[PDB]
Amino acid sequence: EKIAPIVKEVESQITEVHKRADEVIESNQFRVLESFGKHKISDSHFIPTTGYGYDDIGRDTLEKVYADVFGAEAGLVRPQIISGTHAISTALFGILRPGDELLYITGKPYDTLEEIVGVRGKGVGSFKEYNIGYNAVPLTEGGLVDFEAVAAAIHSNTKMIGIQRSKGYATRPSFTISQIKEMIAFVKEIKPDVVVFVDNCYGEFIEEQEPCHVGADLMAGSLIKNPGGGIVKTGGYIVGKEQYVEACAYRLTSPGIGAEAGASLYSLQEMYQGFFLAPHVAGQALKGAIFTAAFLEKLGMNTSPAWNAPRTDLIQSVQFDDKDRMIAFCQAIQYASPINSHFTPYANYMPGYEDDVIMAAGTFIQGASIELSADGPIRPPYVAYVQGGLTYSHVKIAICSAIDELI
């Protein structure tokens, strides 16, 4: 038929960068395998703990595994930690004390941080009530970091510097590890004291290093994203320097507990095995992302990133230029998704945002954005984020089905 011959062409087009992703996967897989080897993980580690959850070799060892791979000295990846926003809250509060300041050097971070930093809700337990400053240095009009403004913002009370890797809904390239390495070296030059924290959601195992490999003191994410293999039903993670993880430990739970208690329950296997599959599962979403870009190019739509552009995370978006074209697409996806095909997506009023958005996401786990989900704010020139993919076959079948429907 009509569609076949062009997807025949796009795949023949992107072979170069596709073959390449397979590499960083192999690499990423290899490293993972060596940590498992080095830590001699046995099914003995899949053993559940109850009550207080003291003496959980599985938990303690999974934490030292992640931390190994993520390039860090210490790891705190437990089911307790409910998500990746909870993690960053933890990381943030775990380190900030009255009279301090967090300095975000990437500009306004994703919405939810607003609320943590008490600039949204009137302080529900925020920095605002713990007298903890917060500053969001904007980006160059060109999308780089305002190193001038950053240098000027830093001072004695700047306890902590923030960096968000993936762009999200923000209008700028998702920051590379290399761009992140330059970053910490800059600020640390001005004040070696500061702890540098990076929010590493969406960026895991899509490059061959994570921010800790290059001088970050803490980072975090969600397991319902990349490092999860699409198998971990919840949780987050915090890996970094032994002493700053300590404080994330006491913060999460309580003084007198730190990171020694909290039962595993039946959660420990799916995390190991998700992490083993992670580099490859993330691989699948990336080779999908890039095909999405290569495909909607030909069909005649501004895609971003462009397919032949480097990638530091799983963000990808296309401009349909037409409202009715967007919505049909995002519905095509929700119908091509595995679970909940039948719950077709319509325009929803978005709290905060004076526009309506459409949210396509038919995923095995609630909000596991490692799985295929399309969505975007209803407004010109009609950009809908279409990312995720547990298997390349899925992403390929999905957006093939998305063009069938609306073509």
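Residue numbers run from 1 along the displayed sequence.
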- Comparing 316-324 with 81-89, the one whose average Cα B-factor in the PDB entry is higher: 316-324
- Message: So, looking at the entry's B-factor column for Cα atoms, which has the higher mean, 393-401 or 10-18?
- Response: 10-18
- Task: By the entry's C-alpha temperature factors, tell me which of 337, 131, 267, 243 sits highest.
- Result: 131
- Note on the structure: Listed options 178, 140, 308, 226: highest C-alpha B factor recorded at 140
- By the entry's values, the third containing the CA B factor of residue 112 is the highest
- Lowest, middle or highest third - CA B-factor, residue 374: middle
- Query: residue 37's Cα B-factor: lowest, middle or highest third of the chain?
  - Reply: lowest
- Query: Which third, lowest, middle or highest, does the CA B-factor of residue 359 fall in along this chain?
  - Reply: highest
- Can you tell me which third, lowest, middle or highest, the CA B-factor of residue 169 falls into for its chain? middle
